[PDB]
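**Q** PDB entry and its sequence, pasted below:
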Amino acid sequence: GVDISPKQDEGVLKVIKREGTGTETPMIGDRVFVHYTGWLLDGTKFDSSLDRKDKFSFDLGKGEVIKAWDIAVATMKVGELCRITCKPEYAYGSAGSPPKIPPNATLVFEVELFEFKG
């Protein structure tokens, strides 16, 4: 339900709405069938995966996503619903997202995780 990272203290953290059915969580390098909505800190909707024909999907912590997703998606159960609050050290700070994000802006993603190790 909160914010901070339990090692660096800045990184991420996540607001719970609907907790899971299958109590298990994903392991490092496992395949997860996610779907996300996402906003910048000014309340601007830059991205939502369902709109582009289908759901989202990655392999936990493989370069593929952001480090804020490897921390908060490692803590996500089968069927769960929450909202991620992320900081640029774990996200777009040392890079910037291609269409409009600069190297120092706060970030937001509402994630629904369907299933992973199953």
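**A** Done, it's in. Residues are numbered from 1 along each chain as shown.

**Q** what's the first-to-last distance across stretch 95-103?
**A** Start-to-end span of stretch 95-103 (CA to CA, to the nearest Å) is 6 Å.

**Q** again with stretch 85-94
**A** The first and last residues of stretch 85-94 sit 18 Å apart, counting by CA to CA.

**Q** now swap in stretch 2-18 and tell me
**A** Using CA to CA, one end of stretch 2-18 lies 15 Å from the other.

**Q** contact partners of that stretch?
**A** With contacts defined as CB atoms under 8 Å, 6 or more residues apart in numbering, stretch 2-18 is touched by 1, 67-68, 71-72, 75-76, 79-87, 89-90. (Each C-beta comes from the backbone N, C-alpha and C, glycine too.)

**Q** From these, list just the buried residues.
**A** Buried residues within the contacts of stretch 2-18, counting neighbours by 16 or more other CB atoms under 10 Å: 67-68, 71-72, 76, 80-87, 90.

**Q** As TSV, the residues you listed with distance to residue 43 would be great.
**A** Below are the buried ones among the contacts of stretch 2-18 laid out as TSV (distance: CB to CB, whole Å):
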residue	distance to residue 43
67	24
68	19
71	24
72	20
76	24
80	24
81	20
82	19
83	13
84	15
85	13
86	15
87	17
90	21
